[PDB]
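To start, the structure under review is shown below, and the notes come after it.
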Amino acid sequence: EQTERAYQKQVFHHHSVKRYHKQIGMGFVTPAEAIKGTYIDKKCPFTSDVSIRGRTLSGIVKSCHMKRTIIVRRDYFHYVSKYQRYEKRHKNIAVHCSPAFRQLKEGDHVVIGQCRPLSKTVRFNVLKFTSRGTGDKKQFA
Amino acid sequence: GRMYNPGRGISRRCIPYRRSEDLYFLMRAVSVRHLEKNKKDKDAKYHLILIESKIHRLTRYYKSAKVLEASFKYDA
Amino acid sequence: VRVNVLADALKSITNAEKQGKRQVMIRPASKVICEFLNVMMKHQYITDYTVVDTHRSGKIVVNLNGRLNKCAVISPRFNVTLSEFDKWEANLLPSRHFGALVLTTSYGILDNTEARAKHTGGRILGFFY
Amino acid sequence: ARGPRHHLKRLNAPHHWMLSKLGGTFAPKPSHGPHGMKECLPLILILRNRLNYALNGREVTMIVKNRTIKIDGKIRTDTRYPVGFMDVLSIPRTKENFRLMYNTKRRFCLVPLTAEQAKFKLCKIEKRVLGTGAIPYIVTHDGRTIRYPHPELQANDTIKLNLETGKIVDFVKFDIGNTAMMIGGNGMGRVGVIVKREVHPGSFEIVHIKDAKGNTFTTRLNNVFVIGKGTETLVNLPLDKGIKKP
Amino acid sequence: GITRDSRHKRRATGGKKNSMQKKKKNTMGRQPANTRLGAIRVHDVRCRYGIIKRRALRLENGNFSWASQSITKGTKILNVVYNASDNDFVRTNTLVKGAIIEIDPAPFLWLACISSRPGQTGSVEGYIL
Amino acid sequence: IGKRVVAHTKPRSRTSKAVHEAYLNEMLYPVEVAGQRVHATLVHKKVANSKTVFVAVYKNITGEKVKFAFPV
RNA sequence: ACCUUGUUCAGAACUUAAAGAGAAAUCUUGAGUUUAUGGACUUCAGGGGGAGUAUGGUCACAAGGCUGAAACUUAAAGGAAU
RNA sequence: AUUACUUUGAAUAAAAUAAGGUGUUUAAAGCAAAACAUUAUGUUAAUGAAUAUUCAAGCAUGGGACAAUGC
RNA sequence: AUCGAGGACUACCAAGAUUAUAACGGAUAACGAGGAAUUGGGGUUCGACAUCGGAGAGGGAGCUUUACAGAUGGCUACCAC
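Protein chains in written order, with the entry's author numbering: chain sm, 3 to 18, 30 to 154; chain so, 2 to 21, 86 to 92, 94 to 99, 101 to 143; chain sr, 2 to 130; chain sf, 0 to 245; chain sj, 2 to 109, 111 to 112, 202 to 220; chain si, 98 to 106, 118 to 165, 185 to 199.
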């Protein structure tokens with residue numbers, strides 16, 4: 003929890030120190046691991062001061078090799094007017110994943126939501142995750 | 002027709018109108099790999116590739132069906 | 002392989018009618034093929050049919066009466082908006098009074114004149130003169 | 000551009016001013032104030048075209064600077080003052096008290112009023128916030144920050160304002176039994192009755208408004224403007240009575 | 002001047018960015034003013050929109066606060082003993098947020204960690220561990 | 098005869125096809141069904157399926192107006 | 001078992017057509033079911049030369065193979081049949 | 001359980017396109033004006049096209065046949 | 001540091017990020033859109049230029065003033081006139 007040069011403390015820290034956890038908006042239940050958990054994260058949507066604004070997307074988790082941050086691949090179809098046919102496409106989105114989802118792994122469908130720019134590319138935040146099958150390499154966050 | 006050759010055989014078992086491992090057997095691949104002594108046999112060196120391409124298709128399916136363990140891989 | 006069962010059945014029916022045969026046989030019978038015939042039966046283009054069950058998606062026997070000219074499937078079922086109808090009618094049908102399109106909409110498998118009445122679009126299955 | 004703009008090209012002007020495309024190169028940019036750029040009619044356009052008192056801008060500055068216009072209770076001397084919604088306009092010299100309401104043709108209309116009914120004007124609350132020192136206040140659609148309000152004056156109600164006094168006379172809540180005038184898009188300038196408001200947590204609040212003739216048309220909550228209570232109008236509606244003919 | 006736009010960085014794919022326009026004042030940066038330990042000296046920088054930033058160049062005193070006893074008292078800072086980011090800040094005794102500074106508890111009669208932005212607000216304010 | 102429910106679209121044993129197949133076999137013990145044919149025909153601008161359980165070598188429980196007969 | 005006959009499955013083929021297709025020769029176990037044009041997929045062609053040439057890349061010990069233009073030139077070059 | 005598909009909207013700069021009206025001597029044009037009060041008065045608070053759209057996305061909603069993604 | 005998020009910058013730690021659904025690079029006689037020409041349908045070509053958005057003032061760079069300029073019918077230096 004405290005394995006760094008500076009003291010790791012929550013953005014909203016108070017005595018009774031307490032554990033602070035707000036809840037995000039349109040019907041996303043806060044996970045249990047973020048209530049009793051002792052992790053510290055200033056970018057977690059539940060236990061920090063990052064909102065969840067308009068845009069909301071979904072995709073398949075592909076890469077879980079960066080610290081508390083994952084890559085979400087969205088597959089869709091693009092329509093070409095001349096041929097009246099579709100074509101497969103994809104766009105990778107780098108999204109933050111708080112330690113509240115310990116069981117998240119590569120290949121699991123995840124619902125993500127917009128927040129303020131947290132990095133050069135990271136602008137979305139993980140909201141909920143549904144697990145899927147195994148592929149011989151269980152790579153967790 | 003057949004998977005590889007252009008033959009078209011329609012022989013089939015016929016279940017009546019009344020309701021009242087294969088991957089292992091395909092490892094044939096061992097038997098041909101005989102090839103250690105008949106090094107010049109360019110036929111059996113081709114029918115082995117056909118057998119091995121079949122195995123890579125049954126493994127590719129038994130993994131998706133979650134039957135075989137995810138670490139399976141056929142080798143000598 | 003048999004990518005489209007509907008294509009195989011319609012091409013079998015068209016060939017029989019050219020030869021003047023009295024009835025035809027369709028080996029793999031689906032619900033979509035059965036429902037496509039009802040559109041042709043409601044217009045009296047075919048007399049009737051008989052789905053014989055064989056425990057293996059059984060066959061169909063179709064009675065024809067000298068009326069069908071050509072029934073053809075359309076390769077991948079294009080999404081047809083209601084504003085795209087008369088563009089499709091002006092291509093696939095001989096005249097404004099004769100032909101009949103077939104669309105698989107959310108309200109079943111309808112023709113053009115009753116999908117227009119029902120005010121819906123959908124993927125296009127085929128047509129028959 | 001390195002800063003705020005000052006000119007307005009004729010074709011970039013809002014469509015609901017009906018400016019001739021060959022009239023001239025520029026259009027009168029409305030100065031800032033109570034009403035937005037696209038929600039207001041500049042005072043020059045009210046007199047040159049709607050009332051035809053002044054032929055050109057030479058004779059518009061000769062009027063507004065002559066203390067001959069009283070926008071609301073106060074008197075304005077800005078040639079391009081933003082004259083928006085039902086904020087009353089009065090000319091004591093000619094003894095006429097107009098008012099800028101909408102109508103079904105997506106256009107600002109000058110509804111004539113009498114002297115008595117020109118002393119008041121309806122406002123729509125936009126938001127209510129608690130000031131420092133616990134001094135609550137509300138903001139109307141005119142940008143007015145009214146002082147210590149009624150406790151029940153919530154975000155999306157309608158209040159009655161007095162020009163001479165400045166107090167709040169009567170207030171109308173936002174419910175399913177009220178008459179509303181439209182300030183929006185397709186439904187712009189239509190009177191009706193609120194019957195249903197379906198809520199989507201994400202983006203917008205959608206309100207179904209039933210017309211007098213049984214016509215039902217939906218809209219966004221932003222464009223709704225309550226005009227009365229119990230199928231009653233507090234002001235004289237325009238000539239077409241807020242009715243739309245298909 | 003120092004710039005803060007992203008037009009000079011590589012893409013997420015590693016591809017170089019091809020410039021289109023010159024530098025602009027919106028993304029203007031400014032030189033750091035490492036507030037060392039010494040006599041009082043601040044400078045008023047005229048930022049954007051006319052607002053004024055107090056740029057503390059050197060400071061000696063700060064209004065430290067004690068959380069337990071609910072008391073805030075002025076004190077003279079002694080020596081910067083720890084910086085979580087750069088150990089070279091300790092050598093030069095540069096005062097930045099989060100720097101652990103030891104102070105004399107002369108008015109405390112009645202170890203510290205800074206919690207203000209001396210280079211922005213213009214003074215040192217902290218608390219007692 | 099058995100008593101199984103039909104869900105609203118539960119497993120394949122709780123589908124309409126399986127229930128009617130089970131009811132047909134359980135109500136017909138020990139005589140065997142060995143053929144089924146449906147003769148669609150247009151009547152009054154409507155299609156009227158006429159299911160026929162053939163080779164017999185129900186409406187109340189299931190609802191299918193099925194005629195039972197013997198092979199020709 | 002070998003031969004004679006009936007059914008049926010698979011393979012290399014053959015004969016007739018007043019029918020289907022096509023420019024025709026001809027094709028029919030398609031080159032048919034195509035302006036009444038859509039079963040799925042892959043490769044290839046765009047007047048004749050220049051030319052499978054020049055340059056770039058790569059493979060080979062080599063001969064050479066594979067990928068592969070342009071400038072310019074010209075009203076034909078060609079297919080089947082009488 | 002989502003997506004895709006389809007139907008309604010919401011929202012959506014003008015000019016331009018199609019377009020409604022209007023005798024610039026007609027027409028291109030312009031969004032002006034006039035049948036008329038034979039006109040100060042009233043028609044008149046006159047017309048301003050609903051102006052329709054607009055592809056690829058985005059929001060909501062009615063439907064689940066044809067399709068896609070795992071349990 | 002900034003008006004402000006942010007590797008925007010600095011210190012420490014990890015090895016990560018994109019790619020056959022075409023990444024990276026090359027060409028443009030490439031400013032983008034509303035739109036224009038021609039069209040049975042499908043389309044092809046064009047758009048510096050009415051209007052909207054971007055960029056520039058011979059070439060870079062650096063700054064002052066003010067609410068907004070990295071201004072150039074403002075200033076400083078170098079390059080070229």
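Ideal Cβ positions, reconstructed from N, Cα and C, are used throughout, including at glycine.
Within the segment 99–113 of chain sm, no residue places its CB atom closer than 7 Å to a CB of chain sj. Boundaries for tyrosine 113(so): no beta strand (DSSP E) harbours it, while the alpha helix (DSSP H) harbouring it runs 111–131, taken from the DSSP string. Residue range 72–74 is occupied by the beta strand (DSSP E) that includes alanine 73(sr). A Cβ-Cβ separation of about 5 Å places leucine 160(sf) in contact with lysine 120(sf) under the 8 Å criterion. For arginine 66(sm), the enclosing beta strand (DSSP E) has its first and last residue at 66–79. As a beta-bridge residue in DSSP terms, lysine 74(sj) pairs with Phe65(sj).
Taking a contact as a CB-CB distance under 8 Å, the pair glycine 67(sm) and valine 85(sm) does not count as one, their CB atoms being some 18 Å apart. Taking a contact as a CB-CB distance under 8 Å, the pair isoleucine 65(sm) and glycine 40(sm) does not count as one, their CB atoms being some 11 Å apart. Residue burial annotation: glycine 186(sf) is buried, with at least 16 other C-beta atoms found within 10 angstroms of its C-beta. The Cβ atoms of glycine 39(sj) and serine 214(sj) lie no closer than 9 Å to each other. Residue range 42–47 is occupied by the beta strand (DSSP E) that includes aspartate 45(sj).
When DSSP states are grouped into helix, strand and coil, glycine 32(sf) belongs to the coil group. At a C-beta separation below 9 Å, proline 81(sf) has no neighbours in chain sm, since its nearest C-beta there lies roughly 30 Å away. For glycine 40(sm), the closest Cβ of chain sf is nearer than 9 Å.
Interface annotation, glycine 120(sm): not in contact with chain so, CB-CB separation never under 9 Å. Residues of chain sm whose Cβ lies closer than 9 Å to the Cβ of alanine 85(sj) are, in chain order, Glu6, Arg7, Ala8 and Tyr9.
With contacts defined by Cβ atoms closer than 9 Å, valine 139(sm) and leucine 117(sm) form a contacting pair. When C-beta distances to chain si are compared with 7 Å, the residues of the segment 33–44 of chain sr below that value are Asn39, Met42 and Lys43, in chain order. One thing to note: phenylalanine 142(sm) has its Cβ within 9 Å of the Cβ of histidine 122(sm).
In the three-state reduction of the DSSP assignment, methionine 135(si) falls in the helix class. Counting C-beta pairs with one atom in each stretch, the segment 26–41 of chain sj and the segment 122–142 of chain sf have fewer than three that are closer than 8 Å, which means they do not touch. Neighbours of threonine 143(sm) in chain so, taken as residues whose beta carbon is under 9 Å from its own, are absent, since the nearest beta carbon is some 18 Å off.
Remark: fewer than three beta-carbon pairs, one from each stretch, lie closer than 8 Å, so the segment 69–85 of chain sj and the segment 41–51 of chain sj are not flagged as touching. One thing to note: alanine 142(si) has its Cβ no nearer than 9 Å to the Cβ of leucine 150(si).
If you look at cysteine 110(sm), you'll find it isn't in any beta strand (DSSP E); DSSP assigns it neither H nor E. Comparing alpha carbon positions, the residue from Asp54(sr), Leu11(sr) and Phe37(sr) closest to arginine 19(so) is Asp54(sr).
If you compare the alpha carbons of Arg57(sr), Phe79(sr), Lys60(sr) and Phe129(sr) with that of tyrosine 99(sm), the shortest gap goes to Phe79(sr). A direct Cα-to-Cα measurement between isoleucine 205(sj) and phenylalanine 65(sj) gives close to 8 Å. For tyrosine 141(so), no alpha helix (DSSP H) run applies, since DSSP gives it neither H nor E.
Scanning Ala95(so), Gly10(so) and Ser21(so) for the CA closest to the CA of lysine 121(so) turns up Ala95(so). The CB of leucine 150(si) comes closer than 8 Å to the CB of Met42, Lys43, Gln45 and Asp49 in chain sr, given here in chain order. In the three-state DSSP reduction, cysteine 35(sr) falls in the helix class (H, G or I). Listed along chain sj are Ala13, each with a C-beta nearer than 7 Å to that of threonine 134(sm).
For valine 91(sj), the uninterrupted alpha helix (DSSP H) segment begins and ends at 89–93. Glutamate 119(sm) is not a Cβ neighbour of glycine 146(sm), given a cutoff of 9 Å.
Using beta-carbon distances, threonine 82(sm) does not count as an interface residue toward chain sf, since no partner is under 9 Å.
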